[PDB]
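Student: so I pulled this structure from the PDB, and the sequence comes with it:
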2 protein chains.
Amino acid sequence: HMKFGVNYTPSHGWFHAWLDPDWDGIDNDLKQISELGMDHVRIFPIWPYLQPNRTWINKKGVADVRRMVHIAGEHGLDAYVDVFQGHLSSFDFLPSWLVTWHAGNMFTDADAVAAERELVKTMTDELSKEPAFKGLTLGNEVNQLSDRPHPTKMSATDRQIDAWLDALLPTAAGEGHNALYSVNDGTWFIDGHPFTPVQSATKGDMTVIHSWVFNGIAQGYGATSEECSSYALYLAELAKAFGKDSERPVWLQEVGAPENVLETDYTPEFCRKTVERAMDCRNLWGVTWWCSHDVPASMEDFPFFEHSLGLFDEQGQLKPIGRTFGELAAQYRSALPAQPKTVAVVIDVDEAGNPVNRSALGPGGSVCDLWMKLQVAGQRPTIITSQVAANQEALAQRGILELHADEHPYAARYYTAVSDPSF
Amino acid sequence: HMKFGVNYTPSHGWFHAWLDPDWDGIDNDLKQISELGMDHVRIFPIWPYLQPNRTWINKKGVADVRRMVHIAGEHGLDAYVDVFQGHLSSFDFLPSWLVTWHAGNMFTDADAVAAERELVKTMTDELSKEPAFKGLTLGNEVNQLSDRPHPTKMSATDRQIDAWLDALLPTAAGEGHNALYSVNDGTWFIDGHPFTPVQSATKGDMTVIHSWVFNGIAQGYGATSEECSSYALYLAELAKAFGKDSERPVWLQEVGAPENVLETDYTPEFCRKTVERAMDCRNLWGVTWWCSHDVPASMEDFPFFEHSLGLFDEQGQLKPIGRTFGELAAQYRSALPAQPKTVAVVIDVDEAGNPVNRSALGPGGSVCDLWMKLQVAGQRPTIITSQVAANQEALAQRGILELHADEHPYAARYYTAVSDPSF
Ligand SMILES: CC(=O)N[C@@H]1[C@@H](O)[C@H](O)[C@@H](CO)O[C@H]1O
Ligand SMILES: CC(=O)N[C@@H]1[C@@H](O)[C@H](O)[C@@H](CO)O[C@H]1O
């Protein structure tokens, strides 16, 4: 069982729909998604609408989110909910009790962390009453608020982020759903970044990744290149290598076909090739495409390509990429899991299990180049850490037979941690 | 006719009521206010709820502001509406298209000023449909964002603020209502500040002031002192000193009895003394107390005294200060205007009419001290600029007979531009 779903962008209003929900349109949105053969949706409430003061939660807003989940279920979809937005498509929505005169750190100020826990437990309790509610992700790429190049960064060490995760994630746990968090790919490509690969592959229930080829992959290897279409698979192999549990699932929680680096006509093939190659990771649990519906052209200041990331267009009509993704779901949702891999790329790690050189793993880095060279060569390479490579019974338990080390490392030549040159 | 009203703080939910309005309790709120003898309310929508995207306005939010205006009208109240909140009681509510990765200047970016005009036009066209709609203020203390000590300031020259006010106020105009803006007292007391005394007494329909004795007046002069009780009179006399039109109305649009500097059982006396001296200003058009209802105790991070600024308690019960203000309205709403004033303090002004030394105007500066000495000695001083003072024709026209200049000037020894030490 391989899951196929979409990140749900309301067709009428986007995430501004929460201010005045058109429930007939939301219902129609999810009926279309379900008829495409999807089995789940990811849902994005707005934090400052849920919690506009630190000690006052908007109860109509919480019931709004529950209703969206319920309508989803009515159409046979599972629903996954992100809480701390927070960051969406280059916009930050932040509570006024955390900015300007009330500027604070959502990761390190105990007051904030206490209000965050209260909102998550409120969300979790009320949503668990819905059967369609299948998981809680703490927020969307919450790590982007924690380091450069964020212009109003809320700094923290990796040990403080450790405690932040340990404080929030139990509050989201519960019978019948997953507890998760999500990060952008700075977690693996940026040295000194306080969100770390070990956290991503040990805390919460699955290893969660977002695959975006506008981060240098497409510009550096080539939009139509095989490296470019192999990249979601590389991110999945990379992210799972840093867990103690070799079988921990990976959620390809975001993948899209960004038209600032791909040409429009190529996005259906990019979709088919990217998803086909991604399923060659036996740890892959699900694929969630970004996104269900185009962003209304009447809303400005988005980087232009965000308006056309939908599987459905501005009129709500199914696009070629949507037909492709729906055909993928019908072809692979019952496929057997990929065969194990016997060739491995070895990444050196500190005592804690985190990469000694994170810059080498990004687009155009020595590790990424090495994995791609083997992948294009047909070797089906997997990825392990130096702690595993040193242990012969650990190697034999995984069936590894051929090791490739990064002998002459260099930093990622292609990487850029920002979605549009304007930031 | 002297107008008596309140800044309306919804008893249930404060301005988070917009996210989930209890319309019955809002009707009860405005019924109380009407029964107390008030003839108008001032109301505060939230900017990022009205305009979450630069080119996308939330029609339901606009409709709810209309519904609020309409409900005030049902109880014989006139309704004045601020648009750009913006700033409310130490919190900033800012659109996500002006912050972090979309950090902009709301005074100088043509795109932002165009979106601002479109919101004003929309609000004006729609609220104009209610007869109870009598005036539009661009926003509450919009100057606070333009200069130190704001941690994320959108800076500007006074010329650009001329341009900003001029680009916005025509759009707010219309038969049957006023067009205004509002500032905090830094406009008169901070040197270099780009919102100026000349703007305040020339642009829009009346000179708008907010009178808060926690700015140093109470601490420096004494909470119970003749000085402190006379401060709102000082601010009305001072603000109109800088206009071309000696008859231009002054609206005392905010005055509260802050319990961080006043004793609780003193606030009714302070209210009586403040209003009785305020109406000694011929130009005074109305007195709008801050505020109607207590800030719910369950909401945190307010400066503590802000919680008890209501005329009614949280449970909706009239407080002693409220009883007092209601009788002040009965007492004065029909009184003959104040007698003219023959004794004047002269302020030296530059070529355009703004004060050469603004720091001398604040609590405990030389000009404030000089005006207070004459006010306390029973000499009822008014205030003029050096340009009027050097013109025997202008002086005769005002009927001024005796002039008092600032011989040895000095900066305001008491002034603090924030409402809580924590800022
Ligand atoms: C300000 C900015 O660039 N934000 C983008 C965000 O929109 C996107 O979701 C993410 C991809 O994982 O990359 C970030 O850099
Ligand atoms: C940061 C801060 O304290 N801002 C306050 C504001 O809340 C208040 O409305 C105003 C009164 O004039 O005084 C400002 O200094």
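Tutor: That came through fine. Numbering: from 1, shown residues only, chains lettered A, B, ... in the order given. Ligands and ions are numbered 1, 2, ... in the order given.

Student: can you give me the strands for the stretch 151-300 of chain A?
Tutor: Assigned by DSSP state E, counting those that start in this stretch, the strands in the stretch 151-300 of chain A fall at A:178-180, A:207-211, A:250-255, A:284-289.

Student: can you add distance to residue A:301 and mean neighbour count and give those back as TSV?
Tutor: For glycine as for every other residue, the C-beta is placed from the backbone atoms N, C-alpha and C. Formatted as TSV, the strands of the stretch 151-300 of chain A follow (distance: least, C-beta to C-beta, whole Å; neighbours: other C-beta atoms under 10 Å in any protein chain shown):
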stretch	distance to residue A:301	mean neighbour count
strand A:178-180	29	21
strand A:207-211	21	25
strand A:250-255	21	25
strand A:284-289	24	24
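
Student: figure out which of those strands is closest to residue A:300.
Tutor: strand A:250-255 (23.3 Å; C-beta to C-beta).

Student: Three-state assignment for the residue lying closest to residue A:241 once chain neighbours are set aside, please.
Tutor: Ranked by C-beta to C-beta, 6 or more residues apart in numbering or on different chains and with sequence neighbours excluded, the top spatial neighbour of residue A:241 is residue A:383, at 4.2 Å. Here residue A:383 is recorded as strand under DSSP: H, G, I helix; E, B strand; the rest coil.

Student: show me what residue A:383 bridges to in the sheet.
Tutor: On the basis of DSSP bridges, residue A:383 is bridged to residue A:345.

Student: that one: neighbour count?
Tutor: Counted with other C-beta atoms under 10 Å in any protein chain shown, the neighbours of residue A:383 add up to 23.

Student: closest point of the stretch 151-300 of chain A to ligand 1, which residue?
Tutor: Here the stretch 151-300 of chain A gets closest to ligand 1 at one residue, residue A:184, 3.8 Å apart by C-beta to the nearest ligand atom.

Student: which one is that residue nearest to, not counting chain neighbours?
Tutor: residue A:141 (4.4 Å).

Student: burial count for that neighbour?
Tutor: 23.

Student: pretty sure it sits against residue A:182.
Tutor: Yes: contact criterion C-beta atoms under 8 Å: residue A:141 and residue A:182 qualify, at 5.8 Å.

Student: common neighbours of those two, please.
Tutor: Residues touching both residue A:141 and residue A:182 (C-beta atoms under 8 Å, 6 or more residues apart in numbering or on different chains): residue A:210.

Student: who's in contact with the longest helix along chain A?
Tutor: As assigned by DSSP state H, the longest helix anywhere in chain A is helix A:110-128. With contact meaning C-beta under 8 Å, 6+ apart, helix A:110-128 is reached by A:47, A:50-51, A:54-55, A:57, A:62-63, A:65-66, A:69, A:81, A:83-84, A:98, A:104-107, A:133, A:136, A:138, A:164, A:167-168, A:171-177.

Student: wouldn't residue A:348 be in contact with residue A:357 here?
Tutor: Yes: applying C-beta under 8 Å, one finds residue A:348 in contact with residue A:357, separated by 7.3 Å.

Student: just the helices in the stretch 51-200 of chain A please.
Tutor: In the stretch 51-200 of chain A, the helices defined using DSSP state H, counting those that start in this stretch lie at A:59-74, A:110-128, A:158-172, A:186-189, A:197-200.

Student: mind putting these into CSV with mean neighbour count?
Tutor: Below are the helices of the stretch 51-200 of chain A laid out as CSV (neighbours: other C-beta atoms under 10 Å in any protein chain shown):
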stretch, mean neighbour count
helix A:59-74, 19
helix A:110-128, 17
helix A:158-172, 18
helix A:186-189, 24
helix A:197-200, 24
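
Student: tabulate those (JSON lines), appending distance to residue B:212.
Tutor: Below are the helices of the stretch 51-200 of chain A laid out as JSON lines (distance: least, C-beta to C-beta, whole Å):
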{"stretch": "helix A:59-74", "distance to residue B:212": "33"}
{"stretch": "helix A:110-128", "distance to residue B:212": "27"}
{"stretch": "helix A:158-172", "distance to residue B:212": "39"}
{"stretch": "helix A:186-189", "distance to residue B:212": "45"}
{"stretch": "helix A:197-200", "distance to residue B:212": "48"}
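
Student: flag every residue of the stretch 1-150 of chain A that's near ligand 2.
Tutor: By C-beta under 6 Å from any ligand atom, the part of the stretch 1-150 of chain A that sits against ligand 2 consists of residue A:101.
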